[PDB]
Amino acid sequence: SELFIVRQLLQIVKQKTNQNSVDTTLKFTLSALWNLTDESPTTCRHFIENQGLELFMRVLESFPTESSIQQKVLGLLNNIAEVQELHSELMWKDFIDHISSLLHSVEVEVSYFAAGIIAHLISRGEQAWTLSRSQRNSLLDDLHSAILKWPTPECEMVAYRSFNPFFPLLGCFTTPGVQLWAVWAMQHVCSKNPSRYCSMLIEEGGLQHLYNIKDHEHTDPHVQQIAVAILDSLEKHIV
């Protein structure tokens, strides 16, 4: 029944995209589909098995100027990128080249998910990247530098029910842009809404994973400089 909902909302996205129609129903449909796939690999398989990926490429292409539409689409894809079993699905050139471009989007609400997709796909290692090896390395440093250009969002862009997705990213020491995205993302949601996340970031093991970054011999100065900024609010949250 929830897969029916996903299929039906996907149907609305298909409909609105065929008619190239940016409107509150499409924007709400993406948001809905973004939520239904959160922390839901099962609802992510359906998005994928129901051609969501190719449909969302169509949305990204159809509405290259629609930053809200891009954010919600990428939001969903950020959720697919959290599922390892769905890695080879996003290993699609035309998709990554587009994501890779939205990585440099000025909209921070857009590039954040672009980066988070990228970060999750890079985080899977050298082997899992079935796309151009040169591009993955171009992304590796483009992902890093894109984050450094980012502004503080005006408000909370994304909501998280857990930080566990970010935890395996904290250990990508060979790929600091991946770690940079993770720590920036926690730095964002925590600082934006510390009454939500700060307790939970501790309660899931964030302290140690963040301490294994600050007090880590070889760590990118920026990745550490964010883990410092997070731990200051975390340690302030403890006392």
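So that there is no doubt, residue numbering starts at 1 and follows the sequence shown. By rigid core we mean the largest C-alpha set that fits within 1.5 Å across both forms.
Find the stretch among 73-81 and 127-135 with the larger RMS C-alpha deviation in 7 other deposited structures of this protein, all structures being superposed on the shown form by the rigid core.
Between 73-81 and 127-135, greater C-alpha deviation in 7 other deposited structures of this protein belongs to 127-135.
May I ask which stretch, 22-30 or 174-182, sits farther from the shown form in 7 other deposited structures of this protein once every structure is superposed on the core, judging by RMS CA distance?
Farther from the shown form on average in 7 other deposited structures of this protein: 22-30.
Using only the Cα atoms and their B-factors as the entry lists them, report which of 208-216 and 43-51 averages higher.
Here the higher of the two C-alpha B-factor means belongs to 208-216.
Per the entry, where is the mean C-alpha temperature factor higher: 193-201 or 180-188?
On average, C-alpha B-factors are higher across 193-201.
Sorting the chain's CA B-factors, does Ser123 end up in the lowest, middle or highest third?
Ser123: CA B-factor falls in the lowest third of its chain.
State the tercile, meaning the lowest, middle or highest third, of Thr174 with respect to the CA B-factors recorded for its chain.
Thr174: CA B-factor falls in the highest third of its chain.
Which third, lowest, middle or highest, does the CA B-factor of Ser67 fall in along this chain?
It falls in the middle third of the chain.
Taking the C-alpha B-factors as the PDB entry records them, is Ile226 in the lowest, middle or highest third of its chain?
For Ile226, whose C-alpha B-factor we compare with every modelled residue in the chain, the answer is the middle third.
Ranked by Cα temperature factor within the chain, is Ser88 in the lowest third, the middle third or the highest third?
For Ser88, the deposited C-alpha B-factor lands in the middle third.
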